[PDB]
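The structure under discussion appears below in the form of structure tokens.
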Amino acid sequence: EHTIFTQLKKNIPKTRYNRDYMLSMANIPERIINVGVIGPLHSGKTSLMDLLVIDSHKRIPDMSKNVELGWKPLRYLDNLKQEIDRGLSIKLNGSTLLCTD
Amino acid sequence: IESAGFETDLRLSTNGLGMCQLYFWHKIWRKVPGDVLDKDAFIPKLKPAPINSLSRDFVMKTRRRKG
Amino acid sequence: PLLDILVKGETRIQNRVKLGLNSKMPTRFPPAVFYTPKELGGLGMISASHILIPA
Amino acid sequence: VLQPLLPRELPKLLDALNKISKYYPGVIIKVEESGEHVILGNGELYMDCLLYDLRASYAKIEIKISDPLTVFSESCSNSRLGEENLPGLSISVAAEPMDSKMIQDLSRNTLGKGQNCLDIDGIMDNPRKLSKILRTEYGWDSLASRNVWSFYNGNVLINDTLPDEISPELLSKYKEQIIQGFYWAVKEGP
Amino acid sequence: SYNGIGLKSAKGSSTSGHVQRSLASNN
Amino acid sequence: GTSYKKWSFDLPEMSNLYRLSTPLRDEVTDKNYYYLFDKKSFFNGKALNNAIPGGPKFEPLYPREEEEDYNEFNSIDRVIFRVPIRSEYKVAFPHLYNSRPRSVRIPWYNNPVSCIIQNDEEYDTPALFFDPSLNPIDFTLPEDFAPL
Amino acid sequence: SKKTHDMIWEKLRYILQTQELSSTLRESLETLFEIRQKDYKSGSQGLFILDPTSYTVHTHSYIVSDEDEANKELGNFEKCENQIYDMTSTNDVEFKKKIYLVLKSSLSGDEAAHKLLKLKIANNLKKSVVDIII
RNA sequence: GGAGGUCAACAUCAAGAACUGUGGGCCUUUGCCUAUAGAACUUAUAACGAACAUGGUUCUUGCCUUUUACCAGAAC
Ligand SMILES: Nc1nc2c(ncn2[C@@H]2O[C@H](COP(=O)(O)OP(=O)(O)OP(=O)(O)O)[C@@H](O)[C@H]2O)c(=O)[nH]1
């Protein structure tokens, strides 16, 4: 009712990049950078993030065949049910993922 | 005070072309056209008050709400 | 409320006549049937209920 | 402005307004002597997002609402007596406008880099430095520059009088008492 | 538009429920 | 096949069909146009017992408004009348201008304001053109090297 | 001649976006660009006082690189040796009913003033509608 | 052996965002933790159907001599 969330560990999408290798990077301070994304309405910010995640993770349970194919954008960051209905972003939501330059 | 339903009227009258975003940043405050203490000028209820004295209105109202 | 109750009453009596025969068709029962005075052979009912009601 | 519809649900409405205070950082919740609660927010859509979470997510109560309103503020545009209720003390305070440029600057809290006017918040740093800062930009008063006393959630104060010359020993005892008596005053209004 | 005027609906009504603004009373 | 399900077409055929069907399937193509007209606004108008100017009218859903709590809260003494609050606001932001909304759906808010442009007259105008509507706005590499 | 005009606009357009021009000149130049989107709707109003077939349409096909004649010499002086009147009020009587019936319906006076103002009577009759009400 | 069938049977298709199988560990197989293999169809301005009918019960109504036939909103 409030949010669309994954509450079981077995269902967390498996990550190709091997999480425990990511946990190693956490020690070195220069290794990690915290970057927030900002901008005006409907510039693609949340749908930009949606690129990095699907490229990062191997299988996602919340992908319909419709959002995978093209037509409807998947929005991972817009978890809240209000944000889904309101068609908008209300509360900030991030993700922590490793990616190579 | 004038911005209630400002956005919809813009988007309804223009048939969905158009848009509005109302922000506060500059923090510009501006005087209300009335004279904060006058016991007379106001003219009756259930209409938006005439701009000649709007300040006695806002005062005599907030006060009644507050106490 | 008095005006509202007038509008209900007058329509309820006209419905009394209509259901009395067998129709609610407007076309059969033009207002001359209810409103012509009895001297011309109508009901001669006296209508206070048309108006327009302040809302 | 809020009030719960069934007044026996007031204890529940409080638990949520403490939550909503947390989750939405730009919200300002108040309570008056009229019993009502005031909710402040950036704009329409932002209020609309609270009241959905308020009604549905957090507090399951149903609540009355005011008409859309605003927040106002008071100012002045150009002799004196004031007296204690146990009249040992008598206080006299004049008020004046602040030059449009001055508040223009105060509206931006700033560290005073380059030719921009430093904010009043730097009073911890040398007040005589501030006296130069004020007199440099605005042609501010020479006597009042060193006499600018403290600042606020808003405008600025000045001590100019003979008693400040008479008893700066005894007055300096009562100053941190006076500034307490200001915030208490200007957080509200006449 | 229904701006607070007219009826909850015209069923118990006996009327059509047509609401029109008054020309007489404005100023 | 003969069972006749699952069709597949090529491009120009679809171009022909879309060309033929203009008297029927001609319609608006922005989410933005629909605005208050989309379902959710109709479901609201039904739940709140309002009406959009061209929208349908139902029965109240909560026919009892008649209970009243007589209180100083909303009194005319205490209200600042500066705006009508036309019913389109009650449907547009149902949780704010409204009080006691029940069985109300969230309305969807906004779209990007489509700028889409096509000229329908001359098919022989190119595909890429600058429309009247728009605002006016030391070393070398080897030869044979070109764009991809 | 849409296409030639269009071509000219394209050339004219070419200068503004990718070329350097005097500021006063450019702004006027841009404004014409603005109008094209606008459509000239303050530039198509005038004295078309011959019908398109009453102008015997001698559309003279000059080009501004001919060498032409201009016969200044014909501007010298020279030496040329060469119906029922209606006495019925039936038109009016129908308009005394209409008012009188609007008037004998209608509780109160504010809902009989809605009806009259809703007819939009012409200014000619509005003088004589008061005559009926009195 | 392939391409098909206005052919048939059987299984399945609204759920902690939501499936199974397997190896190991605690319990002593239900259940919990952990590693792993495979996930067709249906879903986010929510769904097998870019479509849209009828009935039943119980509430609140409307027509009002009574039942059928009905007015129109809700829940199931
Ligand atoms: N035509 C077009 N539309 C796009 C493109 N990218 C995004 N959109 C649409 O524009 C909207 C922006 O998507 P979002 O990511 O949800 O916008 P946002 O950046 O999250 O906006 P916020 O509410 O401020 O977070 C979406 O409705 C997309 O469908 C694009 O590249 N082309």
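Residue numbers (the authors' numbering), protein chains in the order written: chain G, 102 to 202; chain H, 909 to 975; chain F, 1355 to 1409; chain L, 606 to 683, 696 to 807; chain A, 2 to 28; chain W, 295 to 431, 451 to 461; chain R, 166 to 247, 279 to 330. All residues carry an ideal CB built from backbone N, CA and C; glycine is no exception.
Answer yes or no: does any C-beta atom of chain F fall closer than 9 angstroms to that of residue i?
i	result
R/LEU297	no
So with CB distances below 7 angstroms, who are the chain A contacts of residue i?
i	result
F/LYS1362	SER15
Rounded to the nearest angstrom, how far is the Cβ of residue i from that of residue j, given a contact under 8 angstroms?
i	j	result
W/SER381	W/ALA341	W/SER381 to W/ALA341, Cβ: 13 angstroms. No contact.
W/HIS389	L/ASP653	5 angstroms
G/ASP151	G/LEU175	5 angstroms
W/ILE370	H/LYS953	6 angstroms
R/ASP306	A/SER26	6 angstroms
R/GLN182	W/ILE431	5 angstroms
Residue i versus chain W: which residues are under 8 angstroms apart at the beta carbon?
i	result
L/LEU656	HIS389, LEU390
H/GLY926	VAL407
R/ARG178	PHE424, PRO430
Can a CB atom of chain R be found closer than 9 angstroms to the CB of residue i?
i	result
A/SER10	no
W/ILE400	no
Taking 9 angstroms as the CB-CB limit, is residue i close to chain H?
i	result
W/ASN338	no
W/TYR312	no
W/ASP320	no
W/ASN326	yes
Whose Cβ in chain R lies nearer than 9 angstroms to the Cβ of residue i?
i	result
F/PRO1355	Those do not exist, as F/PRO1355 stays about 14 angstroms from chain R at its closest Cβ, beyond 9 angstroms.
F/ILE1400	Chain R residues near F/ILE1400: none, gap ~13 angstroms exceeds 9 angstroms.
W/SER427	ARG201, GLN202
By the 10 Å Cβ neighbour count, where 16 or more other Cβ atoms means buried, how is residue i classified, buried or exposed?
i	result
H/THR922	exposed
L/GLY771	exposed
W/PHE424	exposed
G/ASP121	exposed
R/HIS225	exposed
G/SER144	exposed
H/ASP965	buried
W/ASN404	buried
R/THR189	exposed
F/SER1403	buried
residue 450 of chain W	Missing from the coordinates is residue 450 of chain W; the shown part of chain W jumps over it, going from 431 to 451.
W/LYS384	buried
G/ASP202	exposed
W/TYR312	exposed
L/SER707	exposed
R/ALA318	exposed
W/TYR391	buried
Which residues in chain G sit within 9 angstroms of residue i, going by Cβ to Cβ distance?
i	result
L/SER662	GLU102, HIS103, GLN183
Find the residues of chain A that neighbour residue i, judging by a C-beta separation of less than 9 angstroms, and give them in chain order.
i	result
residue 437 of chain W	This model leaves out residue 437 of chain W; its place in chain W lies between 431 and 451, and no residues are given there.
W/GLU353	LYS9, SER10, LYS12
Which bits of chain H does residue i rub up against, with CB to CB less than 8 angstroms?
i	result
W/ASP371	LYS969, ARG972
Nearest chain L C-beta to residue i closer than 9 angstroms, yes or no?
i	result
H/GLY913	yes
W/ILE374	yes
H/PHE932	yes
At least one CB of chain G closer than 9 angstroms to the CB of residue i: is that the case?
i	result
W/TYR329	no
W/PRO395	no
W/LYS333	no
Distance cutoff 9 angstroms, beta carbons only. Does residue i sit that close to anything in chain A?
i	result
F/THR1381	no
W/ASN368	no
R/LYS294	no
W/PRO378	yes
For residue i, return the contacting residues in chain L, with the cut-off set at a CB-CB distance below 8 angstroms.
i	result
G/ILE191	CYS654
Please tell me whether residue i has its Cβ less than 9 angstroms away from any Cβ of chain W.
i	result
H/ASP965	yes
H/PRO958	no
R/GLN202	yes
Residue i versus chain G: which residues are under 8 angstroms apart at the beta carbon?
i	result
W/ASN404	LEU142, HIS143, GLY188, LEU189
In chain W, which residues lie less than 7 angstroms from residue i when you measure between Cβ atoms?
i	result
R/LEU181	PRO430
Starting from residue i, find everything on chain L with Cβ-Cβ shorter than 7 angstroms and list it in chain order.
i	result
H/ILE909	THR675
Original post:
Does the stretch 373 to 380 of chain W come within contact of the stretch 910 to 920 of chain H, defined as at least 3 CB pairs closer than 8 angstroms?
Top reply: yes
Original post:
Quick one: any contact between the stretch 611 to 623 of chain L and the stretch 1368 to 1378 of chain F, if contact means 3 or more CB pairs under 8 angstroms?
Top reply: Judged by pairs of C-beta atoms under 8 angstroms, the stretch 611 to 623 of chain L does not touch the stretch 1368 to 1378 of chain F, as fewer than three such pairs exist.
Original post:
Does the count of Cβ pairs from the stretch 785 to 804 of chain L and the stretch 760 to 776 of chain L closer than 8 angstroms reach three?
Top reply: Two segments are said to touch when three or more pairs of C-beta atoms, one from each, lie closer than 8 angstroms; by this definition the stretch 785 to 804 of chain L touches the stretch 760 to 776 of chain L.
**OP:** Take every Cβ of the stretch 717 to 727 of chain L, pair it with every Cβ of the stretch 736 to 750 of chain L, and state whether three or more of those distances are shorter than 8 angstroms.
**Re:** Contact holds: three or more Cβ-Cβ distances are below 8 angstroms.
Subject >> At least 3 beta-carbon pairs within less than 8 angstroms: the stretch 102 to 110 of chain G vs the stretch 181 to 199 of chain G >> reply: Taking a cut-off of 8 angstroms for Cβ pairs, the stretch 102 to 110 of chain G and the stretch 181 to 199 of chain G touch, as three or more such pairs fall below it.
Original post:
How about the stretch 945 to 965 of chain H and the stretch 343 to 353 of chain W: do they share at least three Cβ pairs that are nearer than 8 angstroms?
Top reply: no
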